[PDB]
Asks: 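Attaching a single structure in structure tokens format; questions to follow.
Within every chain, numbering begins at 1; the chains are lettered A, B, ... in the order of the sequence lines, protein sequences first and strands thereafter. Read the numbers this way: they start at 1 and go in the same order the structure lists the ligands and their atoms.
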Amino acid sequence: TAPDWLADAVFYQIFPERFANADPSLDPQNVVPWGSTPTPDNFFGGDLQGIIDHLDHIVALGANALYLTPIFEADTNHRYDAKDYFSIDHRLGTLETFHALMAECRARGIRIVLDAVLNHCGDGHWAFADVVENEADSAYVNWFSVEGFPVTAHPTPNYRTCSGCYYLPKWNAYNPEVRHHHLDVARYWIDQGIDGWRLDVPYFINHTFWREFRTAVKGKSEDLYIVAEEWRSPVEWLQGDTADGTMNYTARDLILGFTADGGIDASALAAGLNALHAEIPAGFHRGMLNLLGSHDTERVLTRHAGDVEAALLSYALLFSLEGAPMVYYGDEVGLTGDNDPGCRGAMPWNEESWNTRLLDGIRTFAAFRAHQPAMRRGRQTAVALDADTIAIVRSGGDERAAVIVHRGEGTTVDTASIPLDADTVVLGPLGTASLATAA
Amino acid sequence: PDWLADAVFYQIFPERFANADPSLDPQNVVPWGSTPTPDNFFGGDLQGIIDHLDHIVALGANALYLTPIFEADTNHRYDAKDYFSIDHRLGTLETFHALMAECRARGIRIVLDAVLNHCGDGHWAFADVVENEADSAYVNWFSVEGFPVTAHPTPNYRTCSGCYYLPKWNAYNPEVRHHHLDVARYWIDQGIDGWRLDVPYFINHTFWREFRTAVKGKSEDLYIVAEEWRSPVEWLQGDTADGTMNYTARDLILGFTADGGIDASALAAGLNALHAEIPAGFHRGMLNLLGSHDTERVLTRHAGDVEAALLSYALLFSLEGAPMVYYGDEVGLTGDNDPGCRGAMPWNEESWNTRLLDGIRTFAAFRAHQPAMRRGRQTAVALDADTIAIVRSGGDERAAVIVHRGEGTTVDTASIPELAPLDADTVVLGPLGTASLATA
Ligand SMILES: [Ca+2]
């Protein structure tokens, strides 16, 4: 089963090169102004000290865990092209600054999850450059799958890669020495104090390796959290031998279908959510990392086409579900943008730039979850009341809660219709209601 | 009258609601979008009111308060020149009859403006005194100091508030009373359901007792509501009105939802006091409102904050007494105080704030559906400096509208004796959040 702390977790995902530039002396020569349009090649100077300095913002939102995208020495702004998995990227800070982040995080009750990019590294990585250089004489030739020498990125890479990208050579995970390096990466950062690992494109490697991964990570501690990136069904990762959960892109698509697209009505959503619930095995519901967006999607508000009230319906649903809810940095203040690089805009720190009522609306849903124990540990039941209105009921030992979410122009619901209370509740246009009762 | 318990009012300033008949339009009529002024005409008409009853009903209203509609020489029609005719730009008596019929067909009631302290300087009686002086048969229908009559400097006759074009009726003349009682009787014969009293404080209670007797004599269920900006207590002794325009409740609500000057304790106390001052049987007759043709528009009072504005509406619709919506506020029209608040009502729905409209409708629908929200006692309860419950209880049934002006909070239903009977133990309120719950 998944670790129990997860029931209480609320995650804040950070793309560190865009959250806060606290240290200009770390910035590269070609650093762009903080207000610039994000691109696949530009750098803003976001750093680890920037995260430390805004921990208060992250706490005040209701978050108690961070998911960090890659932070190790790389040549891109997203850092999926790691070149040394054993140091912090020199533009993010040093190992000391990283330690200071861990400590400041744990003084405030905040757990840390890093991004484990094990299918591939960057072409700048020492082992890969050694192969380029020394070819068949490199000791790390078999750390990759290079077709022949000389190595060429032109016209198509003559080595295996992540989805054809020339600067992301694929790690040969069939090599024991590569697995040992991958496991020493897992343990090393756990030795530095992290609380879990998020797995990047885990489906490009293989279950056998991910089994060794769980054994190495859980061997250090049973409460370290492993979460699979997965866009389709999560079930393969929830058999008890690989991950503790999945990024719940299934719930994302269902929720947004309802609140933003209008393609699915409340009945299809409830059915979608009850089935995903049936699909996910016992012990693993708690481990699902639910989200409405990420660094791999367009921003939630953009998906809702600037309709902040509808967007609040999404968050209501998000915070209502079993699984740890995750907010993507800047969505809480109403940032907009298309898919990558559009969703990787720099986070503004002028409170006059924030959509404050969006922030307070999300804070409210988070606060009700944190205060009501059934919202964290209770059972999840989804029920349609009409085409535009859904109730997410959560059933605790000694208490029960419901979040009722209406996307129409207003209605009333008889709670006697939802299997403790016989109240009538009214919902305004784009309205929600959040109710609890002693059992 | 009992029917006031279920009444919801929609106030129309008839010049500005809807212009259905261009043939009625005056010569220098302005475009419908234009800025209102003390002299301009837009051509709003009675047929335009008939044509838009749908919108009124969809709002949830079942009663109109109309401002004066008799023949006059201003855009506001407070300067009546003939009390026994519809103003020629509004329509004819026939059209008026048609509006009544249509209204009766939808269970809508009608309330007109009784402007009895004064008429207009163009009124036939006044012009006859101006012409024939001491030989006019109507010299004592007014208070003219002497001849020739002059406005020039300042009127050498009594007026409403110094205004030369609004000479004051001598209500001490039985002929003038007779005339006033014929006006009340005449429009009641034309199908009308009641009267709003314009500045009744400028006349006297002896006159308003006769007024009541004549009106109630036609039918006990005809409603009488007095304009009063201060305490309403003097109008509620059983001998004059059935209620007043509740400007006291307005000042309290807006001080809390818009100004920030009054907190929830002070608002709860204010409302509880007002309630206790209102005599038994008269709570329902109170005509509750957030604004009128004599105030700046609600949304403008809330500095354009729609969510703040919706807190006002929630409160308004939660109170005992008949709630009234000033035409166009439901769609988010803005405006300063008169003339600014007499904008023409746009009918192109792309200009409306429809979340505001549907917000108001929801409060109305809750109230229409809950018997306690109409006939139940009223207890106002401060929970926080920023959060108030208005509770309504029918014997053992209970409704509650909870209204939060802060950034978000939680309402523990237990430990609040008046909220305790709801099965829900906790209720969340978002920022500027509203919660409406009812028992059983
Ligand atoms: Ca007209």
Asks: B/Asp45: which N/O/S atom is nearest the Ca ion (ligand 1)?
Replies: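 Looking only at N, O and S atoms of B/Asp45, the one nearest the Ca ion (ligand 1) is named OD2.
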
Asks: So how far is it from B/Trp235 CH2 to B/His205 NE2, rounded to the nearest 0.5 Å?
Replies: 4.0 Å

Asks: With the Ca ion (ligand 1) at the centre, find the angle made by OD1 from B/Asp25 and OD1 from B/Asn19, to 10°.
Replies: 80°

Asks: Return yes if a side-chain donor-acceptor contact under 3.5 Å exists between B/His180 and B/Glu210, otherwise no.
Replies: no

Asks: Which class fits the ring pair B/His293 and B/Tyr78: parallel under 30°, tilted 30 to 60°, perpendicular over 60°?
Replies: parallel

Asks: What does the angle at the Ca ion (ligand 1) come to, between atom O of B/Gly43 and atom O of B/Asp21, rounded to 10°?
Replies: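 Value returned, to the nearest 10°, is 170°.
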
Asks: Quick check: are there more than 12 heavy atoms from other residues, nucleotides or ligands sitting under 6.0 Å from CG of B/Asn28?
Replies: no

